[PDB]
Amino acid sequence: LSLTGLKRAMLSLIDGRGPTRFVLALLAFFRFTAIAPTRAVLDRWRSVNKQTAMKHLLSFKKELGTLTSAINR
Amino acid sequence: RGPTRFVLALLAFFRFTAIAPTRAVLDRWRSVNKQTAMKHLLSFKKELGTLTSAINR
Amino acid sequence: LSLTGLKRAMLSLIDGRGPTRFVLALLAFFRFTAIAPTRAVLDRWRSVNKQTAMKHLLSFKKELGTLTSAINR
Amino acid sequence: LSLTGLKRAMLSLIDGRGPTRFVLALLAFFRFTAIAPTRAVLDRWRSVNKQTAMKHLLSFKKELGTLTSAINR
Ligand SMILES: [Ca+2]
Ligand SMILES: [Ca+2]
Ligand SMILES: [Cl-]
Ligand SMILES: [Cl-]
C-alpha cells in the first residue's frame, strides 16, 4: 500500500532515518518543489555512501526520463 | 488537486520510490498541459543534476 | 557496418542532410568534445521538428544513463 | 580536409588512444547512433579511470540538457 509508503515518508522526514533511496527521493522532491528540507533529511544527505547515493540519483534521472518521453506523444 | 508542479513532483517521487500513485494523482497526470508538464519535468531533471554533480566530489 | 555509419556521418558533416537523429547525435558530439560544429550541422539544428528533436535528445540522455550506471560498479 | 576536429576523431576509432573525454564522447555517439563501436574504442571503455569517466559522462548529460532546454521554446 501507498499508505504503508506515505507513513514511511513521514517518519523518514521526522528522523533522517529509513531507506537510503527513500530519503534521497524525499530530498529530490524537496528540491523539485521549492521546499527547504528538514534538518534530519539534510543531515542524511551529507552521510550517504557516495557510490550508493549515485546509484539511486541516477535511476531517479531514469524515471524522470520515462515520464518525459511519455509526455512527448 | 493543487499546483501542477507539485502534483508532478509527487508523481516523480511515487516513481522514484517504488510506490503506486493514488488515483487522484494519476488522474491529473493524464490531464496536464503537455507544454507545462514538459517544462516542469525538465527542471526536475536539472535538479537531479545538481544533486548528482554534488555527490561526484 | 560502422564504416557504413562512418561515411554516413562524414556525409551528414559536410552537407548537414541525412537522418535527423544522426545530425543531432553529431551535434551532441560536437558539444561533448569542445568542437565548433559545421555550418551545415548548425543550420539543421535550427530547422529540426521541435517534437522529433526532443524525442531524440531524450533518448540520448537515456543512453548516457546506461553508460554512467555502468561505471558505477 | 579543412576539418581539424576530424583527423584525430579519425585516429580514435582506427586507433584506441587519445583524450579520455574524446574517446568517451565517441562512445556516447556510437550509442546514440545505433553503431557498434570499434574494438579499440570498446577496449578503452573497460580501462578508463572510474572517477574521471564519470566526471565526463556527467558533463555530457549536462550538455544534452542545454540542447533539450533549447528545443523547449
Ligand atoms: Ca539501505
Ligand atoms: Ca528522418
Ligand atoms: Cl523508514
Ligand atoms: Cl544515409
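Chain A appears in the PDB entry as Core protein from Kunjin virus.

Going by the PDB entry, chain B carries the name Core protein and comes from Kunjin virus.

J.: It is not clear to me how the overall build of chain B should be interpreted in this structure. Could you clarify?
T.: Scanning chain B from N- to C-terminus turns up 3 helices and 0 strands. For chain B, the sequential pattern of α-helices and β-strands runs α-α-α. The C-alpha extent of chain B, read off along each of the three principal axes, is 40 × 25 × 15 Å. The proportion of buried residues among the 57 residues of chain B is 49%.

J.: What should I look at first to understand the packing of aromatic side chains in this one?
T.: Aromatic ring pairs: the centre-centre distance and the angle between the two ring planes describe each pair. Evaluation of the coordinates by the stated rule reveals 15 aromatic pairs over all chains. Measuring from centroid to centroid gives 4.3 Å for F60 of chain A and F16 of chain B, while their planes differ by 20°, and the two rings are stacked. Of this pair, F60 of chain A sits in helix α4 (residues 50–71) while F16 of chain B is found in helix α1 (residues 4–16), placing the two residues in two different chains. In this structure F60 of chain A comes out as buried when scored by relative accessible area, which is 0%. According to the relative accessible area criterion, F16 of chain B is buried, its value standing at 2%. Three or more aromatic residues joined by ring pairs make a cluster, and in this case those are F22, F29 and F30 of chain A together with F6, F13 and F14 of chain B.

J.: Whenever I open this one, the layout of surface pockets confuses me. Can you help?
T.: To locate leftover empty space, one rolls a probe as large as a water molecule over the atoms. When its volume is computed, the largest pocket comes out at roughly 490 Å³. Residue lining of the largest pocket: 22 residues in total, with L13 and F30 of chain C together with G5, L6 and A9 of chain D positioned closest to the centre. Residue contributions to the lining of the largest pocket peak at 5 residues, all from helix α1 (residues 2–14) of chain C. Considering only residue class, the lining of the largest pocket consists of 17 nonpolar, 4 polar and 1 charged.

J.: How do you make sense of the nonpolar core when you look at a structure like this?
T.: For soluble globular proteins, nonpolar side chains are generally found buried alongside one another. Core analysis: the largest hydrophobic core is formed by 53 residues, its most contacted members being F29, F32, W45 and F60 of chain C together with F30 and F32 of chain D. When residues in this core are grouped by element, the largest group, 10 residues, is from helix α2 (residues 20–32) of chain C. With residues near it in sequence (within four places) discarded, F32 of chain C still touches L64 of chain C together with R21, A25, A28, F32, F60, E63 and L64 of chain D. In terms of nonpolar packing, the next biggest core, distinct from the first, is built from 39 residues, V23, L24, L64 and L67 of chain A among them.

J.: Can you help me understand the packing of helix α4 (residues 50–71) of chain C against helix α4 (residues 50–71) of chain D in this one?
T.: Two packed helices can be described by the angle between their axes and the distance between those axes. It is the contact of α4 of chain C with α4 of chain D, at a shortest axis distance of 10 Å, that shows an interaxial angle of 165°. The angle between the axes of α4 of chain C and α4 of chain D places the two elements in the roughly antiparallel class. Judged by the sense of rotation from one axis to the other, the crossing of α4 of chain C with α4 of chain D is left-handed. The residues of α4 of chain D that touch α4 of chain C, namely those facing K50, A53, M54, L57, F60, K61, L64, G65, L67, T68 and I71 of chain C, are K50, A53, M54, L57, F60, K61, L64, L67, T68 and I71 of chain D. Considering only residue class, the contact of α4 of chain C with α4 of chain D consists of 14 nonpolar, 3 polar and 4 charged.

About the thresholds
- Residues numbered from 1 in each chain as written, not as in the entry; some residues may be left out.
- Chains lettered and ligands numbered in written order.
- Heavy atoms only, no water.
- Helix = DSSP H or I, 4+ residues; strand = E, 2+ residues; numbered from the N terminus.
- Buried < 20%, exposed > 50% of the residue type's maximum accessible area, 1.4 Å probe, protein only.
- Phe/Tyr/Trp six-rings, centres within 6.5 Å; stacked < 30°, edge-to-face > 60°.
- 1 Å grid on protein atoms, 1.4 Å probe; cavity = no way out; pocket = protein on both sides within 12 Å on 5 of 7 lines; lining within 4 Å.
- Points joined across faces, edges and corners; volume = space filled by probe spheres on them.
- Nonpolar A, V, L, I, M, F, W, Y, C, P; charged D, E, K, R; others polar.
- Core = buried A, V, L, I, M, F, W, Y, C linked by side-chain atoms within 4.5 Å.
- Contact = heavy atoms within 4.5 Å.
- Axes fitted to C-alpha atoms, helices over the stretch in contact; angles between N-to-C directions.
- Parallel < 35°, antiparallel > 145°, perpendicular 65-115°, else oblique.
- Left-handed = near helix turned anticlockwise from the far one by under 90°.

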